[PDB]
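K.L.:
Take this structure first; my questions come after.
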Amino acid sequence: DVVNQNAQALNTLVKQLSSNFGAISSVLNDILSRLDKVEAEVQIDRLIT
Amino acid sequence: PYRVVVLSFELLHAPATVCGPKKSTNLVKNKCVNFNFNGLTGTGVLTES
């Protein structure tokens with residue numbers, strides 16, 4: 001119940017990478033090459049926060 | 001009478017079917033390379049599986 005515990009933490013952290021966080025898409029290269037630079041900064045700022 | 005064609009496209013929401021319009025490159029294994037596939041991009045070592 002320690003090891004599992006720590007494992008769950010790491011798993012949950014990596015599962016925050018596939019989350020949109022209110023932006024357009026989780027994968028960052030899409031936002032890097034779909035929109036304009038100010039709009040890209042807005043959506044990337046949502047993902048960074 | 002003019003044969004007015006109004007051409008439009010849409011990438012950037014889906015994987016693509018009209019591809020290979022130009023030339024590809026060759027395989028490099030066992031090295032940190034930058035791979036570009038049809039839909040998938042990224043950077044990594046392309047070991048043999």
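Identifiers in this document derive from the order of the structure tokens: chains are assigned A, B, ..., residues are numbered from 1 separately in each chain, and ligands are numbered from 1 in order of occurrence.
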For a quick test of understanding: name the residues of chain B lying within 10 Å of chain A when counting only C-alpha atoms, and present them as a ChimeraX atom specification.
P.N.:
/B:11-13,41-42
K.L.:
Save the residues we just selected, N, CA and C atoms, as an mmCIF file, in the first residue's frame?
P.N.:
data_model
loop_
_atom_site.group_PDB
_atom_site.id
_atom_site.type_symbol
_atom_site.label_atom_id
_atom_site.label_comp_id
_atom_site.auth_asym_id
_atom_site.auth_seq_id
_atom_site.Cartn_x
_atom_site.Cartn_y
_atom_site.Cartn_z
ATOM 1 N N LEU B 11 -7.134 20.221 -43.835
ATOM 2 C CA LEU B 11 -6.336 19.370 -42.967
ATOM 3 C C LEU B 11 -6.681 19.768 -41.526
ATOM 4 N N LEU B 12 -5.882 19.310 -40.558
ATOM 5 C CA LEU B 12 -5.752 19.873 -39.217
ATOM 6 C C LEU B 12 -6.962 19.596 -38.333
ATOM 7 N N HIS B 13 -7.764 18.589 -38.679
ATOM 8 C CA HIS B 13 -8.795 18.083 -37.784
ATOM 9 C C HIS B 13 -8.898 16.565 -37.802
ATOM 10 N N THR B 41 3.861 12.363 -35.852
ATOM 11 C CA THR B 41 5.168 13.003 -35.835
ATOM 12 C C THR B 41 5.846 12.678 -34.506
ATOM 13 N N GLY B 42 6.997 13.295 -34.271
ATOM 14 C CA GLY B 42 7.708 13.140 -33.021
ATOM 15 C C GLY B 42 9.178 12.856 -33.239
#
K.L.:
Find the residues near residue 19 in chain B: any atom within 12 Å, counting only C-alpha atoms, skip ones fewer than 4 places away on the same chain, and give them as a list in words.
P.N.:
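With the cut-off at 12 Å, the set is residues 11, 15, 23, 24, 37, 38 and 39 of chain B.
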K.L.:
Take the residues from that selection and put them in a file with N, CA, C and O atoms, as a compact mmCIF listing (two decimals), in the first residue's frame.
P.N.:
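Ended up saving to out-v2.txt:
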# COMPACT_ATOMS: atom_id res chain seq x y z
N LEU B 11 -7.13 20.22 -43.84
CA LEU B 11 -6.34 19.37 -42.97
C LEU B 11 -6.68 19.77 -41.53
O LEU B 11 -7.70 20.41 -41.28
N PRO B 15 -6.80 12.63 -39.60
CA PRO B 15 -5.76 12.07 -40.46
C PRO B 15 -6.15 12.14 -41.92
O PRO B 15 -7.32 12.31 -42.28
N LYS B 23 8.47 13.34 -52.42
CA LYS B 23 9.35 12.22 -52.17
C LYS B 23 9.59 12.04 -50.67
O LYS B 23 9.63 13.00 -49.90
N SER B 24 9.72 10.78 -50.26
CA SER B 24 10.05 10.40 -48.90
C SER B 24 11.57 10.35 -48.70
O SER B 24 12.35 10.66 -49.60
N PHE B 37 5.81 10.46 -39.97
CA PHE B 37 4.94 9.51 -40.63
C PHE B 37 3.74 10.26 -41.21
O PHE B 37 3.76 11.49 -41.33
N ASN B 38 2.72 9.51 -41.64
CA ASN B 38 1.54 10.10 -42.26
C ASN B 38 0.82 11.05 -41.31
O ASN B 38 0.75 12.26 -41.55
N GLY B 39 0.31 10.52 -40.20
CA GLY B 39 -0.35 11.36 -39.23
C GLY B 39 0.53 11.64 -38.03
O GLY B 39 0.44 12.71 -37.42
K.L.:
Can you list every residue in range 2-47 of chain A that DSSP puts in helix (DSSP H, G or I), as a PyMOL selection string?
P.N.:
chain A and resi 3-14+28-32+37-47
K.L.:
If DSSP is run on the backbone, what residues of chain B are strand (DSSP E or B)? A reply as number ranges by chain would be ideal.
P.N.:
B: 32-36, 41-45
K.L.:
Let me see the file: selected residues, C-alpha atoms, as a PDB file, in the first residue's frame.
P.N.:
ATOM      1  CA  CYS B  32      18.070   9.540 -32.058  1.00  0.00           C
ATOM      2  CA  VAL B  33      16.353  10.696 -35.242  1.00  0.00           C
ATOM      3  CA  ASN B  34      13.338  12.855 -36.062  1.00  0.00           C
ATOM      4  CA  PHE B  35      10.631  10.734 -37.663  1.00  0.00           C
ATOM      5  CA  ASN B  36       7.680  11.957 -39.720  1.00  0.00           C
ATOM      6  CA  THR B  41       5.168  13.003 -35.835  1.00  0.00           C
ATOM      7  CA  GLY B  42       7.708  13.140 -33.021  1.00  0.00           C
ATOM      8  CA  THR B  43      11.314  12.444 -32.109  1.00  0.00           C
ATOM      9  CA  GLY B  44      12.824   9.220 -30.819  1.00  0.00           C
ATOM     10  CA  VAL B  45      15.104   6.250 -31.321  1.00  0.00           C
TER      11      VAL B  45
END
K.L.:
Would you please work out which residue, of A:2, A:42, A:7, A:48, is nearest to residue 21 in chain A when using only C-alpha atoms?
P.N.:
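Under the stated criterion, the closest residue is A:48.
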K.L.:
Between CA of residue 21 in chain B and CA of residue 49 in chain B, what is the distance, to one decimal in Å?
P.N.:
29.3 Å
K.L.:
Near residue 16 in chain A, within 12 Å and counting only C-alpha atoms, which residues show up once chain neighbours fewer than 3 positions away are dropped, as a ChimeraX atom specification?
P.N.:
/A:9-13,19-21,26-27,47-49
K.L.:
Report, in Å with one decimal, the straight-line distance from CA of residue 25 in chain B to CA of residue 46 in chain B.
P.N.:
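One can read the CA of residue 25 in chain B to CA of residue 46 in chain B distance as 14.6 Å.
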K.L.:
For a test of reading the model, state the distance in Å between CA of residue 24 in chain A and CA of residue 14 in chain B, rounded to one decimal.
P.N.:
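Going from CA of residue 24 in chain A over to CA of residue 14 in chain B, I get 13.5 Å.
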